[PDB]
Amino acid sequence: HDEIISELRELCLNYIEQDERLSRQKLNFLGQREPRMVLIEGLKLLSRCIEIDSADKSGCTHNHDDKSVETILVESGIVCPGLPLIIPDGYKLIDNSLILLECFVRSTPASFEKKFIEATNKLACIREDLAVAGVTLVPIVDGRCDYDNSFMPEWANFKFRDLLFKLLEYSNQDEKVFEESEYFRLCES
Amino acid sequence: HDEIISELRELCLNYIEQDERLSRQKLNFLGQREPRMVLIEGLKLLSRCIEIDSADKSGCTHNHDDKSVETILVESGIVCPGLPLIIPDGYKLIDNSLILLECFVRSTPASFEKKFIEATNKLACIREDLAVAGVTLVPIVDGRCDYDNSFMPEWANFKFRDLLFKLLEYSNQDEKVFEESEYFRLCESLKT
Ligand SMILES: [Cl-]
Ligand code: NA
């Protein structure tokens with residue numbers, strides 16, 4: 001397990017592009033010593049790569065600090081009442097128009113379309129609410145089929161995922177050990 | 001030497017404050033495996049701590065991407081022709097006033113005063129040039145005697161320096177071992 005963590009460390013430092021927007025998540029990842037924490041922070045790191053890549057391709061700002069739509073508008077001096085908690089992956093307030101980005105990765109066409117319609121409807125629910133406040137919603141849904149991005153070579157991305165999986169099977173092993181769970185739950189009843 | 005590198009990595013990750021302006025240099029430091037590179041990146045890391053600390057204490061923005069005075073003014077919509085290439089450690093354009101920061105660390109009073117006068121004169125040379133363009137220079141020279149900064153506890157700063165020194169000692173002894181080799185003869189006889 002320590003060898004896996006060490007391998008994931010070197011891939012992070014040597015094969016993840018030195019973009020400033022990835023720095024914080026790289027450090028969070030590198031600070032983890034516990035296998036399940038390395039796994040979570042590793043998944044979050046790979047996700048940030050994709051989100052940043054999607055923001056760049058969509059011509060908008062990556063939602064670095066996970067601000068909500070309400071927070072985004074407030075900072076630009078726009079008052080918006082009773083709007084759902086939507087945290088976009090990207091955004092850009094340009095003139096009267098608010099670009100909102102939602103990206104995802106789905107491996108099957110069935111799950112891809114289902115998620116595209118969910119993401120489309122999620123952004124669409126705030127259209128009329130924003131228009132009352134004089135804001136024109138520009139909703140972008142970026143659907144992807146793979147976990148590839150411009151910050152990592154294809155082999156490195158694959159190897160990072162292969163190592164995270166090896167780390168997950170060591171964690172799912174502990175989840176299966178919960179044959180002991182049935183005993184202590186029965187020790188209460 | 002691998003134990004020293006490991007100790008320095010631990011101090012970097014656990015005892016250097018998680019300020020995002022330090023993130024890039026922390027990663028550059030953490031990526032180094034060669035003792036001489038760990039040392040250089042370690043010194044640069046300690047220097048960024050001081051520069052950022054100096055900018056915070058001086059009430060201005062740390063010059064993260066090493067922009068020039070001309071570049072700083074241009075971004076705020078100010079046209080300025082003849083201007084020497086001056087890259088401050090910090091800056092702030094507020095109103096019609098341009099705050100420019102220069103910080104340093106000197107260990108002896110003689111070197112401290114000499115560097116204070118150099119830094120003062122460096123910023124002063126663009127005073128009239130900036131005024132001829134409507135902007136009032138607010139030049140700040142922040143001289144320091146030690147490496148104390150708000151991003152590291154005193155003990156951690158001390159231990160980081162103590163470990164970097166042990167690395168300097170090892171790395172210059174490997175230079176001595178290398179200087180006895182024949183590759184160093186091909187290295188010195190390299191001019192060409
Ligand atoms: Cl200096
Ligand atoms: Na200096």
Side-chain angles (χ1 to χ4, degrees), chain A residues 1-56 62-66 89 103-107 144-177, chain B residues 1-20 22-35 37-38 41-42 45:
Chain A
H1 68 104
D2 289 328
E3 282 158 275
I4 308 267
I5 297 170
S6 172
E7 286 206 313
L8 282 159
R9 181 199 152 107
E10 293 316 311
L11 287 167
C12 174
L13 283 166
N14 305 341
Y15 296 98
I16 306 182
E17 244 22 64
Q18 293 195 303
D19 189 281
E20 198 66 77
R21 297 167 291 177
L22 290 171
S23 291
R24 191 163 69 200
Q25 197 38 44
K26 281 184 187 179
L27 281 166
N28 287 332
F29 173 73
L30 294 171
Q32 307 310 320
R33 311 217 297 175
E34 297 172 59
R36 214 207 151 236
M37 290 313 308
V38 171
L39 179 59
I40 299 266
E41 299 304 319
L43 296 172
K44 299 212 284 210
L45 180 58
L46 238 163
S47 303
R48 297 297 166 272
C49 284
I50 294 156
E51 290 163 32
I52 293 163
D53 188 74
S54 178
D56 285 352
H62 176 254
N63 198 20
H64 199 64
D65 308 343
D66 302 289
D89 294 302
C103 74
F104 63 87
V105 180
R106 290 298 180 271
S107 303
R144 286 147 175 259
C145 311
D146 53 48
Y147 296 93
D148 292 312
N149 63 84
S150 66
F151 305 106
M152 301 181 82
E154 210 161 287
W155 74 266
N157 190 311
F158 178 87
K159 186 49 186 161
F160 199 85
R161 287 188 273 118
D162 182 67
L163 287 162
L164 286 181
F165 173 75
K166 282 184 164 75
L167 219 50
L168 163 69
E169 61 198 353
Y170 279 33
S171 166
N172 267 359
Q173 199 280 316
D174 303 319
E175 220 164 320
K176 191 69 214 281
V177 163
Chain B
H1 73 267
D2 287 334
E3 286 169 288
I4 304 166
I5 296 169
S6 170
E7 287 209 34
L8 281 160
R9 288 179 179 179
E10 278 176 326
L11 288 167
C12 176
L13 282 167
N14 303 347
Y15 296 98
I16 306 183
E17 242 208 84
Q18 291 191 301
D19 189 292
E20 227 188 289
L22 290 172
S23 289
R24 186 163 73 198
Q25 197 38 45
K26 281 184 187 180
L27 284 166
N28 287 331
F29 173 72
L30 292 173
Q32 307 310 321
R33 306 194 287 103
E34 299 309 311
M37 289 313 304
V38 171
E41 298 304 320
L45 179 56

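Throughout, a chain's letter reflects where its sequence line sits, starting with A, and its residues are numbered from 1. The figures here come from the full heavy-atom set of this structure, side chains too, leaving out hydrogens, waters and symmetry mates.
In terms of heavy-atom proximity, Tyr147(A) sits nearest to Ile50(A) at O-CD1, 3.5 Å. What you find for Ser23(B) and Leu27(A) is that their closest heavy atoms are OG-CD1, 3.3 Å. For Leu167(A) against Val38(A), the heavy-atom pair with the smallest separation is CD2-CG1, 3.5 Å. Of all non-hydrogen atoms in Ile16(A) and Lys26(A), the two that sit nearest each other are O-NZ, 3.0 Å. Scanning both residues, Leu39(A) and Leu164(A), for their nearest heavy atoms gives CD1-O, 3.3 Å. Nearest heavy-atom pair, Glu169(A) versus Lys166(A), reported as atom, atom and distance to 0.1 Å: CG-O, 3.3 Å.
The CE atom of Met152(A) sits 11.0 Å away from the CG atom of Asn14(A) when rounded to the nearest 0.5 Å. A distance of 13.0 Å separates CD of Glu10(A) from CD1 of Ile5(A), quoted to the nearest 0.5 Å. Put simply, SG on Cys12(A) and CG on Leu163(A) are 12.5 Å apart, with the number rounded to the nearest 0.5 Å.
Within 6.0 Å of atom CD in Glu34(A), 12 or fewer heavy atoms from other residues, nucleotides or ligands are found, so the atom counts as exposed in its surroundings. Counting non-hydrogen atoms of neighbouring residues, nucleotides and ligands closer than 6.0 angstrom, the OH atom of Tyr15(A) reaches no more than 12 such neighbours.
Taking the six-membered ring where the residue is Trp, the centroids of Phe29(A) and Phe160(A) are separated by under 6.0 Å.
Ion pairing of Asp53(A) with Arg144(A) is present here, as a side-chain N (NZ or NE/NH1/NH2) and a carboxylate O approach within less than 4.0 Å.
Side-chain contact of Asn157(A) with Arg161(A): a donor-acceptor pair under 3.5 Å is present, judged by distance alone. Looking at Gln18(A) and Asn28(B), their side chains do bring a donor and an acceptor atom within 3.5 Å of each other.
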Check against side chain to side chain contact (heavy atoms under 4.5 Å, CB included), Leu13(A) and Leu30(A) = CA-CA 9 Å; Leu13(A) 283 166; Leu30(A) 294 171; 3.8 Å; yes

Are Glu7(A) and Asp162(A) close enough, and set up right, to give a side chain to side chain contact (heavy atoms under 4.5 Å, CB included), and what steps lead you there?
-> CA-CA 11 Å; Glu7(A) 286 206 313; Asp162(A) 182 67; over 6 Å; no

Does the pair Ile4(A) and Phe165(A) meet the rule for a side chain to side chain contact (heavy atoms under 4.5 Å, CB included), with working shown?
-> CA-CA 10 Å; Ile4(A) 308 267; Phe165(A) 173 75; over 6 Å; no

Would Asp19(A) and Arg48(A) satisfy salt bridge (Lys or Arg N to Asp or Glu O under 4.0 Å), going step by step from the backbone distance to the final call?
-> CA-CA 11 Å; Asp19(A) 189 281; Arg48(A) 297 297 166 272; over 6 Å; no

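With hydrogens and angles ignored, the 3.5 Å screen pairs a side-chain donor or acceptor of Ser47(A) with a backbone N or O of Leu43(A). Between the side chain of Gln25(B) and the backbone N or O of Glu41(B), at least one donor-acceptor pair lies under 3.5 Å.
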